[PDB]
Amino acid sequence: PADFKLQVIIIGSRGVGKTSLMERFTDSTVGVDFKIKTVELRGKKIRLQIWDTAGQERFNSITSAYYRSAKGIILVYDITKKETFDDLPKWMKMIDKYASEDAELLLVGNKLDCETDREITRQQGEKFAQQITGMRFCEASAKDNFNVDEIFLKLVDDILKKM
Ligand SMILES: Nc1nc2c(ncn2[C@@H]2O[C@H](COP(=O)(O)OP(=O)(O)O)[C@@H](O)[C@H]2O)c(=O)[nH]1
Ligand SMILES: [Ca+2]
Ligand SMILES: [Mg+2]
């Protein structure tokens, strides 16, 4: 049996790869889906519930409920679509309103495989995360399976440390 059950949520604007990231890592209720994954991490069995939320603003009200329960939040943008990076303050406002104060946060620049179409630099993503105390950052590619395990596993590691 599992040592821990944890909920994490994936948020961000539409088309950034939130569903692709969740499905690459793993395999009705309005505005949300979820996958369950049992991970082994530092000898601990963790039953992970990953909520995948709607991206459009009209769904903020529904999805807000799932923020409070989240022990970790993955906020995703698309490195090739600058407006998904420009939306991040809106997502940070959603976090301030609804997340737990103790929620762990991770910023992800997804679509690293599309490096030639890059609109946002790595420094931009790093500097954004750095402004938010405790927020981790990395770039990933759901398509190329780069940093996919790592965004979930690192976030889980951060969560477990702080309990
Ligand atoms: N090239 C590339 N395309 C991606 C990546 N991740 C997602 N996509 C594509 O982006 C589009 C939207 O992704 P989706 O998972 O539905 O985004 P969501 O709205 O955030 O759930 C789809 O065409 C995906 O195949 C990636 O890492 N690289
Ligand atoms: Ca990996
Ligand atoms: Mg989706």
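All residue numbers in this chain count up from 1 along the given sequence. Just so it is clear, the values below take in all heavy atoms, side chains as well, and ignore hydrogens, waters and symmetry mates.
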(Q) The test is side chain to side chain donor-acceptor pair (under 3.5 Å); show your working for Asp87 and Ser13 and say whether it passes. (A) CA-CA 7 Å; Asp87 286 345; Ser13 301; 2.6 Å; yes

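Of the possible donor and acceptor atoms, one in the side chain of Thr121 sits under 3.5 Å from a partner among the backbone N and O of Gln124. Here the side chain of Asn147 pairs a donor or acceptor atom with the backbone of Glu139 at under 3.5 angstrom.
By the side chain to side chain donor-acceptor pair (under 3.5 Å) test, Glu115 is found to be paired with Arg118, residues two or more places apart in sequence or in another chain being considered.
A cation-pi contact links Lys37 to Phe25, judged by a cut-off of 6.0 Å to the six-membered ring centre and 45° from its axis.
Counting non-hydrogen atoms of neighbouring residues, nucleotides and ligands closer than 6.0 angstrom, the NZ atom of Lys93 reaches no more than 12 such neighbours.
Between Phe137 and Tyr77, the two ring planes are parallel [angle under 30°; tilted spans 30° to 60°].
Taking each heavy atom of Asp144 and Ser141 in turn, the nearest pair found is N-OG, 2.9 Å. Smallest separation of non-hydrogen atoms from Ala99 and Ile73: CB-CD1, 3.5 Å.
At a threshold of 4.0 Å, the pair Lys161-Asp157 counts as salt-bridged, since one of the basic side-chain nitrogens sits closer than that to a carboxylate oxygen.
Judged purely by distance below 3.5 Å, without hydrogens or angles, the side chains of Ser69 and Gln7 pair a donor atom with an acceptor atom. Residues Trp51 and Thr63 bring no donor and acceptor atom of their side chains to less than 3.5 Å of each other.
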